[PDB]
There are 2 protein chains.
Amino acid sequence: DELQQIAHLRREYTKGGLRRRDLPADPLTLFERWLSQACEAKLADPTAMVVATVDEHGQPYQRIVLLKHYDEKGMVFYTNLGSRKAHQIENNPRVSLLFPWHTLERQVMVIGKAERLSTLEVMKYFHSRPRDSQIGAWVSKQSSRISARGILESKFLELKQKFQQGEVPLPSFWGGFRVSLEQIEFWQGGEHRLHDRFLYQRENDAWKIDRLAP
Amino acid sequence: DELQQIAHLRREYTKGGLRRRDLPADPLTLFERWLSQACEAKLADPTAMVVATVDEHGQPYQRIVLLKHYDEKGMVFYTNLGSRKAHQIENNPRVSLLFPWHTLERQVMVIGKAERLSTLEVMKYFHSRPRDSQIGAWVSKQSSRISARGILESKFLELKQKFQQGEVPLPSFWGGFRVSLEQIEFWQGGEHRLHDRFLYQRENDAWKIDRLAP
Ligand SMILES: Cc1cc2nc3c(=O)[nH]c(=O)nc-3n(C[C@H](O)[C@H](O)[C@H](O)COP(=O)(O)O)c2cc1C
Ligand SMILES: Cc1cc2nc3c(=O)[nH]c(=O)nc-3n(C[C@H](O)[C@H](O)[C@H](O)COP(=O)(O)O)c2cc1C
Ligand SMILES: Cc1ncc(COP(=O)(O)O)c(C=O)c1O
Ligand SMILES: Cc1ncc(COP(=O)(O)O)c(C=O)c1O
């Protein structure tokens, strides 16, 4: 029996490395640098990140969402408040975020608590979104099973007509979450599978920082 | 206060769509097609997937790993058996896998139970790995905190000398997991945030298939 073709897919990572002397006191400083370099390398969706949530049975779920804001208080993403992730977050606020920057031979993983954004900040953001996107927010009962795509298309045309030139109101079931920064791991690929790993861990007000074996 | 620059990063997805009539009876048939198209579009790491595990406190963790094999019995990846993920899996076998194919405006997410590969199949695979990688497997106590990178480099040279031309044995703490296929979601981006979503759910021997609102 021969190995599957994919068993042979592999790549040595020689773009760079990460040493303790390269680390800033604030993890967000390094994240900002990396994000900036991702935007410059021209990744298709530099702000795309995978958010993992856990349901009531201890089962993890994942889906990509976009990072739309970040500061010391956490990383932000917008979503339908009636969705599977939102319902999972309701019961277990613990989440994980992963920026899949492996084309740049890097990973950034964050652990923290997800909490709802205020209606106010959501409104601010909602009105900067493309008009068809605002309508679409109204159309989709995110995560719920639907009979066919026609249901969405029909509803979209219906709502577009209804909203005719006026402002599309913010649906009460559309909002977002702010994920606190409890831990942040940075990964930079290396050779011989000996990558660089540094984990920032919130310890009271400061950050405990350790290198983790690859 | 102006919105952060990233608040404005967004993309409309018009590469394609996914209709119920395009769905094969076996989800792996569609996954194979998509994977094939990812290898052709030349994604940097087409087999890279994000695996999420959950620790004993209900906290999710993520890290990328490579898909090295897959068939009806599940998807396979190799890793250090003493690592954080392996320890988390020990207590909670429930995992989630996500192929970040958003440059192709797609996502494939799998839910299932992670179980250990047999020593036998691991050996088979371990000996097809580059020699420096086999040594590296011995060097790194994956996930454990280490004092500095020098510790790894030193150990690597030490083991390389020790193994001098002979076969690098399979470390007892290096192996892999097979993730069963309980559910598999396919996502294909659309316009106005009205994407196509189909969830395959194992129901006894067959697959229950539903379109999920975007
Ligand atoms: C590149 C990309 C960006 C996405 N961004 C978001 C987002 O910011 N908010 C959102 O609700 N869904 C977003 N999605 C769709 C989600 O992946 C997911 O399908 C949806 O939120 C429903 O997940 P849920 O059923 O777990 O609640 C994005 C998908 C991709 C591939
Ligand atoms: C493109 C890419 C492929 C990777 N593949 C693997 C893999 O197949 N097995 C592995 O153990 N680690 C792999 N890693 C490293 C993991 O992301 C992770 O850092 C490591 O397994 C330790 O995770 P843990 O501490 O949660 O146990 C890969 C990283 C990247 C960015
Ligand atoms: C730590 C680690 N182990 C294994 C792999 C891939 O499996 P293999 O080295 O046999 O190609 C990777 C790929 O990035 C990795 O980072
Ligand atoms: C369902 C959904 N909501 C929101 C977003 C992105 O936020 P915004 O539409 O305001 O750019 C995406 C991006 O892909 C999405 O798929």
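Reading the values: the criteria
Residues numbered from 1 in each chain as written, not as in the entry; some residues may be left out. Chains lettered and ligands numbered in written order. Heavy atoms only, no water. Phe/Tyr/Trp six-rings, centres within 6.5 Å; stacked < 30°, edge-to-face > 60°. Helix = DSSP H or I, 4+ residues; strand = E, 2+ residues; numbered from the N terminus. Buried < 20%, exposed > 50% of the residue type's maximum accessible area, 1.4 Å probe, protein only. Least-squares fit on C-alpha atoms. Contact = heavy atoms within 4.5 Å. Buried area = accessible area lost by both parts, 1.4 Å probe. Salt bridge = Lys/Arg side-chain N within 4 Å of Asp/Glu carboxyl O.

Structure determination for this entry is recorded as X-ray crystallography, at 2.07 Å resolution.

S.K.: Run through the packing of aromatic side chains, naming residues and quoting values.
M.R.: As enumerated under the stated definition, the model contains 30 aromatic pairs over all chains in all. Here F77(B) and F177(B) contribute two aromatic rings whose centre-to-centre distance is 5.6 Å and whose plane-to-plane angle is 35°, an arrangement assigned as tilted. Of the two residues, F77(B) sits in strand β4 (residues 74-80) while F177(B) sits in strand β8 (residues 174-179), which places them 100 residues apart along the sequence. Residue classification places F77(B) among the buried positions, given a relative accessible area of 1%. Taken together, the ring pairs in this structure connect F31(A), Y70(A), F99(A) and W101(A) into an aromatic cluster.

S.K.: Break down the relation of the copies chain B and chain A for me, with residues and values.
M.R.: The transformation that overlays chain B on chain A combines an axial shift of 0.0 Å with a rotation of 180°, and the residual RMSD is 0.0 Å. A rotation of that kind, with that shift, is consistent with a two-fold axis. When the interface residues of chain B are mapped onto chain A, 100% of them again lie at the interface, so the same face is used by both copies.

S.K.: Go over the interface of chain B and chain A with me, naming the residues and quoting the values.
M.R.: At the junction of the two partners, chain B supplies 84 residues and chain A supplies 84 residues. Of the roughly 7300 Å² buried where chain B meets chain A, counting both sides, 54% is carbon and sulfur surface. In this assembly, chain B and chain A are joined by eight salt bridges. For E185(B), the salt bridge goes to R84(A), with nearest N and O atoms at 3.6 Å.

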